[PDB]
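See structure below.
Chain naming here is simple, since letters A, B, ... match the order of the sequence lines and numbering starts at 1 in each. The figures that follow rest on heavy atoms only: side chains count, while hydrogens, waters and symmetry mates do not.
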Amino acid sequence: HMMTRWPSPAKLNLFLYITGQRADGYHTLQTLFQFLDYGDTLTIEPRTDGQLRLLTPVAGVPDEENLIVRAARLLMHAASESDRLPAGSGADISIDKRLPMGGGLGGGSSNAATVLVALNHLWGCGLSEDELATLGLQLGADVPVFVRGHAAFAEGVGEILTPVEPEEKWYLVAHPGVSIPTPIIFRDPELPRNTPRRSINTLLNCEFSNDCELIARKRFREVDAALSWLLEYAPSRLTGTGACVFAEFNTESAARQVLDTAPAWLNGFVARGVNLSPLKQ
Amino acid sequence: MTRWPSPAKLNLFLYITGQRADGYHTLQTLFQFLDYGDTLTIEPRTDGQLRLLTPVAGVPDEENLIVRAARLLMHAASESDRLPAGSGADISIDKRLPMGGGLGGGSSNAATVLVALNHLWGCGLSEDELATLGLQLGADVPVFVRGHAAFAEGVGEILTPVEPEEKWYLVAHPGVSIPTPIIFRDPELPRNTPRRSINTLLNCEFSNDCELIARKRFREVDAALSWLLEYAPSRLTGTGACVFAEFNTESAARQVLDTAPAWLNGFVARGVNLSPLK
Ligand SMILES: Nc1ncnc2c1ncn2[C@@H]1O[C@H](COP(=O)(O)OP(=O)(O)NP(=O)(O)O)[C@@H](O)[C@H]1O
Ligand SMILES: Nc1ncnc2c1ncn2[C@@H]1O[C@H](COP(=O)(O)OP(=O)(O)NP(=O)(O)O)[C@@H](O)[C@H]1O
């Protein structure tokens with residue numbers, strides 16, 4: 001059927017603090033998200049024969065393990081159980097994938113968010129933003145931020161989101177070459193897990209930092225190298241659990257100038273921060 | 001009122017439906033309380049001081065869920081102008097539940113502290129708010145806060161009341177402590193059990209997706225289950241190490257308890273669908 005095109009932007013954690021750990025191992029976080037005007041593009045063609053096909057498998061991820069497919073299947077389940085899924089609802093999905101796996105840019109969660117929002121719209125299920133954010137939290141920690149579509153402060157177990165208006169700066173984002181899946185960092189015994197809970201105003205007045213950065217820097221020489229390079233030019237930090245690091249600039253020209261200083265083995269891009277997700281249109 | 005109950009729970013079933021990229025597992029699980037647990041003494045203070053008078057063996061006081069619960073409530077209430085100046089408390093616990101056993105004792109302690117201090121200080125937080133705070137403390141805190149046997153979904157915040165039969169249980173602790181992350185990191189753990197309706201789940205055989213892993217990895221759990229299975233339906237609760245056996249009368253449960261090896265340290269308690277806390 002029709003071929004629809006849907007943005008899946010990256011995010012940055014402008015700061016990220018680990019305030020505690022539950023007995024089941026889950027870490028409570030206080031973190032501030034901003035989107036980038038940069039990321040993946042999904043093409044979604046709806047179907048009436050009930051089939052769900054990923055036309056562009058992502059290397060390193062079996063099909064049924066792709067968050068694209070998991071998101072579609074979860075929406076189908078939730079909508080069907082509430083009598084909101086038309087019979088034969090299906091989709092063919094392809095992705096122009098720019099965001100790396102294990103990058104800390106939230107590519108997987110962003111893909112899931114876009115698929116939830118796009119298929120809910122196309123199939124006409126009528127699920128609210130609240131309902132899609134509740135589904136999204138089951139798929140990925142940051143799916144709710146992408147679903148709701150606003151730069152936001154996230155606490156609780158990731159479901160408490162408050163809109164914030166951080167400066168829409170220009171960022172140089174580097175991929176230091178290695179992939180660091182979040183569990184590799186969150187299982188580290190030396191990870192900080194006792195940063196004090198702070199109000200949003202207090203956090204906005206703190207020195208922005210990422211509690212994962214010291215661990216990633218020490219465990220991965222590639223992250224240390226990328227951070228050492230960018231820090232010669234601008235405030236620079238890890239995003240997510242890495243491996244990606246970013247540097248902040250006041251202008252596009254300055255960011256692209258510093259990107260030009262990048263060693264050839266350090267892939268990077270320049271993108272502006274945006275507080276409204278392209279997905280929200 | 002200064003004496004507050006903190007009941008145990010059982011997971012009557014437990015299914016693992018998925019795992020996120022950050023390692024977190026989504027569950028579908030059924031909770032019932034036991035008429036058995038800890039008793040907390042909570043004595044309000046007007047000097048803004050908060051103290052745990054009784055340490056829990058092995059737990060640094062600042063890591064104790066009792067203290068974490070009190071300090072989280074103080075923060076959330078203060079930030080919304082609902083904490084009277086000088087609010088404090090002296091808290092003690094008579095701990096009868098074991099740790100790392102799957103009875104939810106730590107989450108129950110946190111729930112009791114949240115509900116008790118909210119009431120004693122008069123902060124006026126709603127049950128919804130306390131259950132939202134509780135999710136930051138422990139995975140099962142919201143079930144203990146709301147106080148009803150319940151089917152729990154989502155990331156543990158979607159709770160549906162259910163009325164499972166209030167049976168008598170023989171709860172056995174095979175002595176070995178199995179912290180949940182040890183089970184949740186196992187490559188062989190089932191992580192893709194289909195999500196199913198409560199009505200579906202209420203009419204299938206109850207099971208615990210953690211049981212097979214727990215039995216294979218821990219001989220004390222394997223031996224504890226092999227004994228109880230002779231006499232009654234028996235399953236792991238939580239991620240273990242505790243196991244429970246299902247009886248229709250107290251006398252039958254107790255007669256099996258009297259045949260238990262000393263290393264089992266078992267107790268008998270009735271299931272209740274309404275928390276003593278409520
Ligand atoms: N369509 C997808 N795009 C990217 N990653 C995917 C996708 N589908 C499954 N994954 C996997 O799940 C993760 C995507 O979740 P995501 O929100 O992007 O977190 P991340 O910041 O990229 N890295 P991490 O959380 O440490 O795994 C990746 O690591 C993939 O292994
Ligand atoms: N007041 C407390 N009572 C019991 N445990 C506590 C307490 N405070 C901190 N803890 C610790 O945090 C955990 C409490 O979580 P708990 O509710 O007991 O889960 P469980 O179902 O019993 N099994 P597990 O998740 O492995 O701990 C315990 O393992 C303790 O080490």
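Between A:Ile44 atom CD1 and A:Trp6 atom CH2 the span is 7.0 Å, to the nearest 0.5 Å. In this structure, CD1 on A:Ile215 lies 12.5 Å from CD1 on A:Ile184, to the nearest 0.5 angstrom. For the atom pair OG of B:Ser108 and NZ of B:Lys9, the computed distance is 10.5 Å after rounding to the nearest 0.5 Å. Atoms CG and OG1, from A:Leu67 and A:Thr114 in turn, are 11.5 Å apart once rounded to the nearest 0.5 Å. Taking OG1 of A:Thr195 as the reference point, atom CG of A:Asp211 lies at 3.5 Å (rounded to 0.5 Å). Atoms CG and CG, from B:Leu130 and B:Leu135 in turn, are 12.0 Å apart once rounded to the nearest 0.5 Å.
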Show which side-chain atoms of residues 232-241 of chain B pair as donor or acceptor with protein atoms under 3.5 Å away, not counting sequence neighbours.
| from | atom 1 | to | atom 2 | distance (Å) |
| --- | --- | --- | --- | --- |
| B:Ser234 | OG | B:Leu228 | O | 3.4 |
| B:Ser234 | OG | B:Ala232 | O | 2.9 |
| B:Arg235 | NE | B:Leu12 | O | 3.1 |
| B:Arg235 | NH2 | B:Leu12 | O | 2.8 |
| B:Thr237 | OG1 | B:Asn11 | N | 3.0 |
| B:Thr237 | OG1 | B:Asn11 | OD1 | 3.4 |
| B:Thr237 | OG1 | B:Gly102 | O | 3.0 |
| B:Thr239 | OG1 | B:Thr180 | OG1 | 2.8 |

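A:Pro183 pairs by the side-chain contact (heavy atoms from CB on, under 4.5 Å) definition with A:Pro181, A:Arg187, not counting sequence neighbours. In this structure, the ring pair (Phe, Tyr, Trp, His ring centres under 6.0 Å) partners of A:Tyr17, at least two apart in sequence or on a different chain, are A:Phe15. Partners of B:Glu188 by salt bridge (charged side-chain N to carboxylate O under 4.0 Å, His left out), not counting sequence neighbours, listed by chain and number: B:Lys216, B:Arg217. With sequence neighbours left out, the side-chain contact (heavy atoms from CB on, under 4.5 Å) criterion links A:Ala78 to A:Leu135. Shown here are the side-chain contact (heavy atoms from CB on, under 4.5 Å) partners of B:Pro161, two or more places apart in sequence or in another chain: there are none. Listed by chain and number, the residues in a side-chain contact (heavy atoms from CB on, under 4.5 Å) with B:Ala149 are B:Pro164, B:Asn273 (sequence neighbours excluded).
Within the structure, every pair that satisfies the side-chain hydrogen bond (donor to acceptor under 3.5 Å, both in side chains) test and touches residues 131-152 of chain B, not counting sequence neighbours, is listed here: A:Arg197-B:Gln136, B:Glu127-B:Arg146, B:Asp128-B:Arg146. Residue pairs meeting the side-chain hydrogen bond (donor to acceptor under 3.5 Å, both in side chains) criterion with at least one partner in residues 151-160 of chain B, sequence neighbours excluded, are B:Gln28-B:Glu153. Within the structure, every pair that satisfies the side-chain hydrogen bond (donor to acceptor under 3.5 Å, both in side chains) test and touches residues 43-63 of chain A, not counting sequence neighbours, is listed here: A:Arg47-A:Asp49, A:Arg47-A:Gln51, A:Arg47-A:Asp92, A:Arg53-A:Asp92. Counting only residues at least two apart or on different chains, the side-chain hydrogen bond (donor to acceptor under 3.5 Å, both in side chains) pairs with a member in residues 72-87 of chain A are A:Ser82-A:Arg84, A:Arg84-A:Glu131. Within the structure, ring pair (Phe, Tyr, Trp, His ring centres under 6.0 Å) contacts touching residues 24-72 of chain A (residues at least two apart or in different chains) are A:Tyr26-B:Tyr24, A:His27-A:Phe186, A:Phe35-A:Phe146, A:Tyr38-A:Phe269.
The nearest pair of heavy atoms linking A:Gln281 to A:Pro7 is NE2-CD, 4.5 Å. Nearest heavy atoms, A:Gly126 versus A:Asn120: N-OD1, 3.5 Å. For the residue pair A:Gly90 and A:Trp123, the shortest heavy atom distance occurs at O-NE1, 2.9 Å. In terms of heavy-atom proximity, B:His173 sits nearest to B:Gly101 at CE1-CA, 3.8 Å. Heavy atoms only, all atoms of each residue included: A:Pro57 and A:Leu54 are closest at CA-CD2, 3.8 Å. For the pair B:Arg196 and B:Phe151, the tightest heavy-atom approach, listed with the atom from each and the gap, is O-CZ, 4.4 Å.
Side-chain N or O atoms of A:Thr31 include none that pairs as donor or acceptor with a backbone N or O of A:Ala154 at under 3.5 Å. Looking at B:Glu165, its side chain never comes within 3.5 Å of a backbone N or O of B:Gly271 through a donor-acceptor pair. No donor-acceptor pair under 3.5 Å is formed between the side chain of A:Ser109 and the backbone N or O of A:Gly106.
With A:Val117 as the partner, the side-chain contact (heavy atoms from CB on, under 4.5 Å) test is satisfied by one option alone out of A:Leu122, A:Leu279, A:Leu75, A:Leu127: A:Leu279. Screening A:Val69, A:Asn66, A:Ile68, A:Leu55 for a side-chain contact (heavy atoms from CB on, under 4.5 Å) involving A:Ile93 leaves a single residue, A:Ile68. A side chain to side chain donor-acceptor pair (under 3.5 Å) with A:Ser8 is found for exactly one of A:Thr41, A:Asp40, A:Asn111, namely A:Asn111.
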Exercise for review: Test A:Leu32 against A:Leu203 for side chain to side chain contact (heavy atoms under 4.5 Å, CB included), laying out the working first.
Suggested key: CA-CA 9 Å; A:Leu32 171 59; A:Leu203 286 165; over 6 Å; no
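The shortest side-chain heavy-atom distance between B:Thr17 and B:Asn192 does not fall under the 4.5 Å cut-off. For the pair B:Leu114/B:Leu137, a side-chain contact is recorded, criterion being any heavy-atom separation below 4.5 Å from C-beta on. With contacts defined as side-chain heavy-atom distances shorter than 4.5 Å, the pair B:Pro7/B:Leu34 does not qualify. In this structure the side chain of B:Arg20 reaches within 4.5 angstrom of the side chain of B:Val155, judged on heavy atoms. In this structure, B:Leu159 and B:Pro142 have side chains that are in contact, with non-hydrogen atoms separated by less than 4.5 Å. Side-chain contact check for B:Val145 versus B:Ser275: every heavy-atom pair is 4.5 Å or farther apart. With contacts defined as side-chain heavy-atom distances shorter than 4.5 Å, the pair A:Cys212/A:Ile18 qualifies. With contacts defined as side-chain heavy-atom distances shorter than 4.5 Å, the pair B:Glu246/B:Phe206 does not qualify.
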